[PDB]
Every structure is written in structure tokens, then in C-alpha cells.
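Visitor: All I have is the shape, not the residue letters:
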């Protein structure tokens, strides 16, 4: 299971979704209610640290797994307007994420495309939650096809 | 009813495909319109703001907010279309110095808003954090008498809206320096703050 | 056997190191008393602590296991405690470099980073000797693990190393590597005394506030 979020510049979320494998019909045992918002706000610190630097620990829009913490692989992405696309990776065992950078980088690219399609609405201003079910339908089909 | 400010939903991956409702191509088709129609909408903008405002200053800030609401849109659209959709792309530089986002403006923004590239772009010798962006002929506002400068703030309202949302907060004012054969030349100067500069003071 | 007498001499050497390091406390300002089991001079107990540290390091290297790296930590502790006052212990530094290059690999020549390299090497001895008999003393005979002092090892490392980073543009210690050395800090950690947990999370709050890592 994976918790996905898009966070504003003034530390607020515009999108949040949690999606799991169907074998575990309930997902993230006891971490979901308490741990997963807090470790994401913790990772916002180090994503804010690496946004301004030149040579990382190329092209600065994607970046790798940013930390590893209670066996959870936390993967980020930084848009052009400053939005941050932090999405974590859970499993009962340890998880490999770097092998999916052929696929998950593309996933971040077309969800960036979806966010640009959201932003081009003149009615939708920033610091608003993305209250659209069509956006949910596209991001869960992209979650299915980029598993 | 998907994302409120109240909770997060949990739904399984690899389930059924849901319905298809709305979609659109992000890449631009090449569309053209007359200069007269956009000039008419521009003077109607300035006429309504002349009608519903008292003095010059808050009129200028309201016009700059009008430009801001194009600029914060326009940043991600131009960078995403300069990176290249469903077609395989990647991700531009996402530039983070001061001296190359102004290069990005003078190259791509003015050649996107207008047919022509922006003319000159120089620094200030007398002081740092002051940058000159200059054209020779403003095609937004060529239809007003030249002694008023406040109607020229809309386009620099774009530029502040291009800059503050990109991570470099700043402030812009515009003046008219009648140099050479061009009677209207329209310098826009960009005043940054100290808190960005020492940031790139920290980065060697 | 020679192992039992060598282990007893190593225990007496560690006790001599801890006592002679504890002998040079409160700077010996006007300590001209009878001085039972002490020297109580200007720099005598620091030098005797250095000699006992060299003998303890030699005995622990000869006995090549949690007690081995305690003298390696105590040599840097003696060097730092003497360096709070005036100190010129380059001969003891050369003896520590020789013993640490014989056993471990030093590969460092920086001012006040050799102590951090020695502590990072000193964690590895307890890390290797973790898979052993769990109880070896009697004061922890009904304990659970040696994690209860394994956390005190790297917290006194973080306390002695995070103050080296003053805020400035040339920083001797980068924020990223000590943040990622605090990354693998979070072990099992659930059941422990509550005073230990409030103090150890107060130290993590202290180093994060001084680092600026606010969230």
C-alpha cells in the first residue's frame, strides 16, 4: 500500500489518497491514522532542503527516495510552481523503489500533467483542495497501470 | 466528494476501471486572433478599474493582481510544454538561479505572449538586486497617451506573478525612459528582497 | 588459563582508566590534601589517565568483547578533557593512532575529527559483539539487551559532535550526513524507562532545533 499526497507551499495538502493491494483489504495496520501524516510533514523539511541545491546527494524536477524510515521508502517530486508530490511506499517487508523509476517517474510526469490541467481553470485558485472526482478516476487508473 | 479537508479514503489498487468523462490535449494548437479584440478587452479592463477605484496606487495593485493571476497559471504551462504528455518526455532544468529565469522570460515568455522576442535585458551597475527588462514598443498599450504609466503595470503584474510563485519573491515598478527614436520604451525594474539574496549568498 | 588473568587485567585496566579519568575532576584547584588513591596535582592525574588508557588499549588489543572499545572511547575522552585545559598529548595521540591502525583503519588527519572517527569505529565493536551472551555483568543480570547503553553511545556522540557545527558558511560537519546518521538511530526502542525516553527525545529535539530541522 502507498499513501499519495500533493502539498502546498504554506504546508497544506491539496490532494491526498491511500491505495492498497487487494490481498490486504485493510491496508497500513495502525500506521494510517497517526504515523503517515506526521512522517510526510517530516519529509517536507528535507525536500525543502534539497529544492535549492544544485548537485544532489540533474534536472531537479524528479529526485529519488529521500529517506528510509521504519522500513518505509518515501519518494518525492517537485513541480515548477513549488508543489511537492511526496508519496511513500509501505510493505510488510522492505521495499525496492529504484527499480520502478522507469515507471514511477512517468507516473509523476502525467500526474504533473493532470495538475497542470487542474491549474489552467481560472476559477481554481491555489490553496484550494482539489475537490474533483474526475481527478480521482484518472489518478487511480494511473495507480493501477503504474503499480 | 473525493477529497475534503477532513479525511483520507482507502480504495484498493487493480480494481475495476471507472467511467470516462472529460479530457483534452495539453499541447497547443496554433491559434491566432486580432490585436484589436485583445486591445478592446484591455481598455475595458482599464475602464472598469478606473470606474471602481479612487486613487492611483490601489488601482496599480489591482492591475498587478490581474497580471498575477495569469502569471501563476502561465509558469507551469510553459515549462511543461517546453519540457516536451502521453508522449514520452522528461523534465526541463527547473532553473533556480536569478540570472536564468530572467533569460527564460526574455526568451520564451515574450515569444509566447507576442510574436517577437523581448528586446534587451541588462543589470544595474549602481546597485545589485535591480534588473532591467526593456522592450522598444509595448504591444499591450500602444493606444493610450504616453504620459500615463499606470496602465503599463498589467504586464509587469505578470512578471511578479511569474517570479513570486517560482520561488523568488520580488516587487516590480515600471517607468518610461524615452530613449532614441522610440518615444515609449517602458522599463520594468524588479526589486527583490534581501532574504532571497543572502540565500544565494549562502550558495557561494 | 591466560584468558582469565588477561580478562581480569583488562577489567582492572578499564577500572583504572575510569578511576584515573575520574581522578582529574574539578581541575584540582587547591587540592593539596592527603590524596588517598590519587595524585591531586596540576596535570598528574590526566597523565596517569593517559598511561592507564594506553595500557588498557594495549590489553584490549591483546585480548582480541564490549569492553574493548570502552578504552578507545576513553582515550578520546581523556584527550578532550585534557584539551578543556592546556594539553599537548601528541605521544598518546600517536599511540592511539598506532593501536587504531593496527586494529581498525583510521584514514583521517583532521583536527578534532579523529575523535569522531574513533567513536564511529568504537560503535562497531559492540555491533560485532552483540551476537554473544546477553548478560555478562551482575548489575544488568535481569535486563533485556545491551541496547540500553548502545543508545547512550551514539547520543553522547551526537552531543559531542553537533556543537562543532556552529551556524556559518564553512561548516566542518555537513548537516546531511549527521541527519542520515540519526536516520538509522530509530531501533526497537519501545520498552525502556520513561526518564530515558524523555531525555533522549529531548536530545533529538535539541539537535534538530540547533540544526534548524524544525519539522
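Guide: Great, that's in hand. Residues are numbered from 1 along each chain as shown, chains lettered A, B, ... in the order given.

Visitor: now the helices: where do they sit in chain B?
Guide: Assigned by DSSP state H, the helices in chain B fall at B:35-51, B:56-83, B:98-104, B:110-113, B:153-163, B:194-202.

Visitor: wait, what's in contact with whatever residue of chain A ends up closest to chain B?
Guide: Proximity of chain A to chain B (Cβ to the nearest Cβ) peaks at residue A:61, 3.5 Å away. Bear in mind the C-beta positions are built from the backbone N, C-alpha and C, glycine included. For residue A:61, the contacting residues are A:77-80, B:91-92, B:94, by Cβ atoms under 8 Å, 6 or more residues apart in numbering or on different chains.

Visitor: Over to it: give its phi and psi.
Guide: phi -90, psi -40 (degrees, to the nearest 10).

Visitor: returning to what we had before: which among the contacts of residue A:61 gets closest to chain C?
Guide: Among the contacts of residue A:61, residue A:78 lies closest to chain C (Cβ to the nearest Cβ), at 16.7 Å.

Visitor: Contact residues of chain B facing chain C?
Guide: By Cβ under 8 Å from any Cβ of the partner chain, the residues of chain B that approach chain C are B:202, B:204.

Visitor: Give me the distance between the residue of chain B found nearest chain C and residue B:167.
Guide: Nearest residue of chain B to chain C: residue B:202, at 6.4 Å (Cβ to the nearest Cβ). Using Cβ to Cβ, to the nearest Å, residue B:202 is found at 15 Å from residue B:167.

Visitor: quick one: the strands in chain A?
Guide: Assignment of strands within chain A using DSSP state E yields the ranges A:2-7, A:13-20, A:62-69, A:72-77, A:87-89.

Visitor: longest single helix anywhere in chain C?
Guide: helix C:2-23.

Visitor: from memory the residue of chain B closest to chain C sits against residue C:168, does it?
Guide: No. With contact defined as Cβ atoms under 8 Å, residue B:202 does not count as touching residue C:168 (10.1 Å).

Visitor: sorry, back to before: any chance of the strands of chain A in JSON lines, plus distance to chain C and mean neighbour count?
Guide: Shown next, in JSON lines, are the strands of chain A (distance: least, Cβ to the nearest Cβ, whole Å; neighbours: other Cβ atoms under 10 Å in any protein chain shown):
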{"stretch": "strand A:2-7", "distance to chain C": "12", "mean neighbour count": "23"}
{"stretch": "strand A:13-20", "distance to chain C": "14", "mean neighbour count": "21"}
{"stretch": "strand A:62-69", "distance to chain C": "6", "mean neighbour count": "17"}
{"stretch": "strand A:72-77", "distance to chain C": "11", "mean neighbour count": "23"}
{"stretch": "strand A:87-89", "distance to chain C": "15", "mean neighbour count": "23"}
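
Visitor: where does chain C come near chain A, residue by residue?
Guide: So far as Cβ under 8 Å from any Cβ goes, chain C lies against chain A at C:175-176, C:179-180, C:183, C:186, C:213-215.

Visitor: which residues touch residue 118?
Guide: No chain specified, so I'll use chain A. Residue A:118 sits next to A:124, A:130, A:132, A:135 when contact means Cβ under 8 Å, 6+ apart.

Visitor: could you do chain C instead?
Guide: Contact partners of residue C:118, counting by Cβ under 8 Å, 6+ apart, are C:72-73, C:75-76, C:96, C:100.

Visitor: from the residues you listed, which ones fall inside helices?
Guide: When those are checked against helices (DSSP H), the matches are C:72-73, C:75-76, C:96, C:100.

Visitor: Run a quick neighbour tally on residue 132.
Guide: Since no chain was named, I'll use chain A. Counted with other Cβ atoms under 10 Å in any protein chain shown, residues neighbouring residue A:132 total 16.

Visitor: actually it's chain B I care about, not the one you picked
Guide: Around residue B:132 there are 15 other residues, counting by other Cβ under 10 Å.

Visitor: Does it touch residue B:123 like I think?
Guide: Yes. Here residue B:132 reaches residue B:123: they are 7.0 Å apart, a contact under Cβ under 8 Å.

Visitor: Geometrically speaking, which residue is the centre of chain C?
Guide: The centre of chain C sits closest to residue C:73, judged by Cα atoms, centre = their mean, with a distance of 3.0 Å.

Visitor: Find the nearest non-adjacent residue to the residue in chain A positioned nearest to chain C, please.
Guide: Across chain A, no residue is closer to chain C than residue A:45, which sits at 4.3 Å (Cβ to the nearest Cβ). In this structure, residue A:45 finds its nearest non-sequential neighbour in residue C:215, 4.3 Å apart by Cβ to Cβ, 6 or more residues apart in numbering or on different chains.

Visitor: And that neighbour, how close does it get to residue A:72?
Guide: Going from residue C:215 to residue A:72 by Cβ to Cβ gives 17 Å.

Visitor: any idea where the helices of chain A begin and end?
Guide: Chain-ordered helices for chain A, with DSSP H as the definition, fall at A:31-50, A:104-119, A:133-145.

Visitor: what's the closest of the ones you listed to residue C:31?
Guide: Closest approach to residue C:31 among the helices of chain A (Cβ to Cβ): helix A:31-50, 49.0 Å.

Visitor: roughly how far out does that closest one sit from the chain middle?
Guide: Distance of helix A:31-50 from the chain centroid (Cα atoms, centre = their mean, to the nearest Å) equals 11 Å.

Visitor: again with stretch C:88-104
Guide: Counting by Cα atoms, centre = their mean, stretch C:88-104 comes out at 15 Å from the chain centroid.

Visitor: Contacts for that stretch, please.
Guide: Stretch C:88-104 is contacted from outside by C:50, C:53-54, C:57-58, C:61, C:64, C:72, C:75-76, C:78-79, C:82, C:106, C:114, C:118, C:121, C:124, using Cβ under 8 Å, 6+ apart.

Visitor: do the same with stretch A:133-147
Guide: Residues from elsewhere that reach stretch A:133-147 (Cβ under 8 Å, 6+ apart): A:2, A:4, A:15, A:17, A:19, A:103-104, A:106-107, A:110-111, A:114, A:118, B:1-3, B:11, B:13-15, B:17-22.
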